[PDB]
Structure formats: C-alpha cells, structure tokens
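Only one structure is covered here, and it is reproduced in the block below.
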Amino acid sequence: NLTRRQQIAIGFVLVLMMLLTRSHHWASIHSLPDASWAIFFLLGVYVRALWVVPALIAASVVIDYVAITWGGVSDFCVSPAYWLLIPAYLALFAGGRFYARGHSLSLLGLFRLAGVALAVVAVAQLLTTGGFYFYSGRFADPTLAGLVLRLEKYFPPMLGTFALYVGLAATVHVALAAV
Ligand code: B12
C-alpha cells in the first residue's frame with residue numbers, strides 16, 4: 001500500500017520518461033527510445049486503478065503537441081491516423097492484464113511473457129504502422145504488400161524497445177523480491 005506521496009513520485013517518473021523518450025521510436029546514441037508502449041503493458045501487469053490509463057493517454061497527447069509545436073519535432077507522424085494510437089495503448093494495457101492472470105514468475109513464466117509480448121506488440125504494430133500507412137494520407141497508393149514491408153521494417157526494432165523496458169522492469173522486480 002503506497003502512500004499518496006510515493007504514488008505521485010511514480011506518476012511523475014512515468015510522465016517524465018514519456019516526456020524524454022516520446023520523440024524517438026528507437027534508441028539513438030544520444031537518446032532513449034519511446035517508453036510509452038512498455039509503460040502501458042506494465043500498467044496492465046501492475047496497476048488496478050483504471051483511471052491511470054486514460055490519464056496517461058492525456059499526457060501522451062499533450063507531450064506530443066508541445067514537442068511538435070514548441071520542441072521542434074517533425075509533424076510528419078501527426079495525421080488523421082494519429083488517434084489509432086489509443087486502441088494501440090489499450091491493446092498493450094490488456095496484454096499486460098492478460099500476462100498477469102497466469103504469471104507463476106517461473107522460467108516458463110518468462111516463456112509465457114515472450115509470447116504475450118510478441119502478440120500485443122504485433123497488434124499495436126498493426127494499428128499504428130498499418131493505421132498510419134492507410135489513413136494518414138502520407139502514402140499515395142497503400143497496398144497490403146507495402147503494409148507487410150512496413151511491418152517487417154518497424155515491428156522488430158519497436159519490439160526491441162519494448163523488450164528492453166519490460167525486461168528492465170523484470171530485472172527491477174527481482175531487486176524487490178530480494179529486499
Ligand atoms: C521517422 C519517424 C519519426 C521521427 C520524425 C519523423 C521524420 N520524418 O523525421 C521521430 C523519431 C521524430 C518520430 C516521432 C513521433 N512519432 Co513517428 N515515426 C517515424 C517512422 C519510423 C517513419 C515514418 C515514415 O513513415 N517514414 C517516411 C516514409 C515515407 O518512409 P518509409 O516509406 O518507411 O521509407 C521510405 C524512405 O526510406 C525512402 N528511401 C529510402 N532511402 C532513401 C534515401 C533518401 C535520401 C530518400 C529521399 C528516400 C529514401 O524509400 C522508402 C519507401 O519504401 C514511423 C514508423 C512506422 N511507419 O510505423 C513512425 C510513426 C509514423 N510515428 C508515429 C508517432 C505517433 C509519433 C509521435 C507523434 C508520438 C510517438 N512517439 O508515438 C512522435 C512525435 C511527437 C513527439 N516527439 O512527442 C506513429 C503514427 C501512429 C498513427 N496512428 O498515426 C508511427 C506509425 C509509429 C508507431 N507508433 O508505430 N517519428
């Protein structure tokens with residue numbers, strides 16, 4: 001049972017990581033990769049309160065607006081498809097909620113993880129990569145084959161980012177199982 005103070009800290013940390021990373025889909029030499037997708041999966045795993053999700057979605061949107069208006073980041077990725085990010089975040093939340101159902105924290109538990117992880121990321125990847133492909137307007141003549149190319153391009157790096165964070169969150173949990 002966390003005190004209201006400890007919760008505030010957690011919240012800020014989330015928002016912060018978003019603020020810092022949301023501008024890079026994958027790791028630079030000078031930059032950390034967007035932590036948003038692992039964050040929503042992790043809220044599925046851990047957090048019961050439901051308001052927390054639509055609250056962080058708020059923050060995601062705001063952080064993006066600022067970064068593009070004031071922070072001078074491309075508005076390339078912003079389009080009518082933008083809003084498909086939301087079900088992508090819910091799919092990541094639900095997928096964490098799933099993993100939690102049958103956990104065991106065993107080696108087969110890590111094998112169970114690697115599967116869910118693949119599955120939710122894929123789903124978000126369709127919604128974001130595919131939604132942006134077909135519905136942004138940036139692509140003159142989108143087709144299913146060009147969608148597959150895209151998917152093959154982005155799915156893997158963007159699963160790596162996810163992996164790095166979720167694994168690092170598992171590494172940080174055994175530090176709590178041993179305290
Ligand atoms: C690059 C990129 C960025 C860059 C900025 C864009 C830029 N152009 O500089 C960065 C890293 C800054 C970025 C930021 C964001 N992104 Co972004 N971004 C991408 C990415 C990786 C590519 C966009 C793209 O389509 N490329 C341009 C196209 C035309 O290239 P391509 O067809 O794939 O490749 C062609 C070229 O390589 C060309 N070619 C090859 N060699 C050469 C050489 C030369 C010289 C030339 C001219 C051409 C050329 O040929 C290829 C044709 O097949 C996509 C990934 C994706 N599609 O899933 C996301 C994506 C478009 N962005 C997305 C989003 C949402 C964002 C953010 C708004 C929020 C976020 N973090 O999720 C932020 C921006 C706000 C913020 N900072 O907080 C989402 C959009 C989702 C949606 N539903 O609309 C996508 C789909 C990623 C996702 N979440 O899966 N983005």
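Letters A, B, ... mark the chains of the structure tokens in the order given; residue numbers begin at 1 per chain; ligand numbers begin at 1, in order shown.
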
Please, which residues in chain A fall within 7 Å of ligand 1 when counting only C-alpha atoms and all ligand atoms, and what is the closest atom pair and distance in Å to one decimal for each, ordered by chain then residue number, as a Markdown table?
```
| residue | atom | partner | partner_atom_place_in_ligand_line | distance |
| --- | --- | --- | --- | --- |
| A:22 | CA | ligand 1 | 71 (N) | 4.1 |
| A:23 | CA | ligand 1 | 77 (N) | 3.3 |
| A:24 | CA | ligand 1 | 11 (C) | 4.0 |
| A:25 | CA | ligand 1 | 11 (C) | 5.1 |
| A:34 | CA | ligand 1 | 71 (N) | 6.0 |
| A:63 | CA | ligand 1 | 78 (O) | 5.7 |
| A:64 | CA | ligand 1 | 78 (O) | 3.6 |
| A:65 | CA | ligand 1 | 75 (C) | 7.0 |
| A:67 | CA | ligand 1 | 78 (O) | 5.1 |
| A:68 | CA | ligand 1 | 75 (C) | 5.8 |
| A:73 | CA | ligand 1 | 77 (N) | 5.5 |
| A:74 | CA | ligand 1 | 5 (C) | 5.1 |
| A:75 | CA | ligand 1 | 74 (C) | 6.7 |
| A:76 | CA | ligand 1 | 6 (C) | 5.1 |
| A:77 | CA | ligand 1 | 61 (C) | 4.1 |
| A:78 | CA | ligand 1 | 68 (C) | 5.4 |
| A:79 | CA | ligand 1 | 84 (O) | 5.9 |
| A:80 | CA | ligand 1 | 84 (O) | 7.0 |
| A:81 | CA | ligand 1 | 84 (O) | 4.2 |
| A:82 | CA | ligand 1 | 84 (O) | 3.6 |
| A:83 | CA | ligand 1 | 83 (N) | 5.7 |
| A:84 | CA | ligand 1 | 83 (N) | 4.4 |
| A:85 | CA | ligand 1 | 83 (N) | 4.9 |
| A:125 | CA | ligand 1 | 90 (O) | 5.6 |
| A:127 | CA | ligand 1 | 83 (N) | 6.6 |
| A:128 | CA | ligand 1 | 83 (N) | 4.1 |
| A:129 | CA | ligand 1 | 58 (O) | 3.8 |
| A:131 | CA | ligand 1 | 83 (N) | 5.2 |
| A:132 | CA | ligand 1 | 84 (O) | 4.2 |
| A:133 | CA | ligand 1 | 57 (N) | 6.6 |
| A:136 | CA | ligand 1 | 84 (O) | 6.2 |
| A:150 | CA | ligand 1 | 33 (O) | 6.0 |
| A:154 | CA | ligand 1 | 58 (O) | 5.6 |
```

Skipping near chain neighbours, those fewer than 4 positions away, what residues fall within 12 Å of residue 116 in chain A using only C-alpha atoms, listed as a PyMOL selection string? chain A and resi 41+45+91-103+109-112+120-123+159+162-163+166

Proximity to residue 161 in chain A - best of A:2, A:8, A:36, A:14, only C-alpha atoms: A:36

Using the chain letters and numbers from this document, which residues of range 49-136 of chain A does DSSP assign to alpha helix (DSSP H), as a VMD selection string? chain A and resid 52 to 69 85 to 101 107 to 125 131 to 135

Hey, can you check how far CA of residue 167 in chain A sits from CA of residue 104 in chain A?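 Result for CA of residue 167 in chain A versus CA of residue 104 in chain A: 16.1 Å, one decimal.
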